[PDB]
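Read-outs throughout are calculated quantities, based only on the coordinates presented, and are distinct from any laboratory measurement. Ideal geometry is used to build each Cβ from the backbone, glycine not excepted, and the neighbour counts take in all protein chains shown.
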Amino acid sequence: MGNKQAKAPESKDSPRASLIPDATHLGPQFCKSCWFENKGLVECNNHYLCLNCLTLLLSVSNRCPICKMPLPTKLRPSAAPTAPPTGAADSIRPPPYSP
Ligand SMILES: [Zn+2]
Ligand SMILES: [Zn+2]
């Protein structure tokens, strides 16, 4: 008869299952908002914007419009150059005798 292995790849160009068939959640390394360039590209969490246009609209002065998500929370500075100990065990209220 002629037994041979056959190949059958699936184009899957337009699938009708899974609403987000895309498996990308980071973004390409090319800024598509202001223009194509790699001089100062910065990768947002789920979005890509370069510093050149990022400064004009700020990274997130109020909200990132491309991420389509609000961020009212803030990130702590994670720094503490000053942190002396305190306790004030000695009670204070009356004036000093001052001999
Ligand atoms: Zn840009
Ligand atoms: Zn963003």
Filter region 8-35 down to the residues that are within 16 Å of the chain's Cα centre (by Cα) and surrounded by 13 or more Cβ atoms within 10 Å (Cβ to Cβ) and list them by number. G27, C31
Is it true that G40 is surrounded by 10 or more Cβ atoms within 10 Å (Cβ to Cβ), of a type outside the set (A, V, I, L, M) and touching an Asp or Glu at 6+ places or on another chain (Cβ under 7 Å)? no
If I ask for residues that are part of a loop (DSSP other than H, G, I, E, B) and under 14 Å from the mean Cα position of the chain (by Cα), which ones from region 64-86 would you list? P65, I66, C67, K68, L71, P72, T73, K74, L75
Starting from residues that are loosely packed, with under 12 Cβ neighbours inside 10 Å and among the hydroxyl-bearing types (S, T, Y), keep the ones in region 47-69 and report whichever is farthest from ligand 2 (Cβ to nearest atom). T55
Just checking, does region 36-55 include any residue being over 16 Å from the mean Cα position of the chain (by Cα) and among the charged types (D, E, K, R)? yes
What pairs can you find where one residue is in region 39-59 and touching a residue at least 12 places away in the same chain (Cβ under 8 Å), the other is in a strand (DSSP E or B) and of a type in the set (S, T, Y), and their Cβ atoms are less than 9 Å apart, with a gap of 6+ or different chains? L41/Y48; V42/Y48
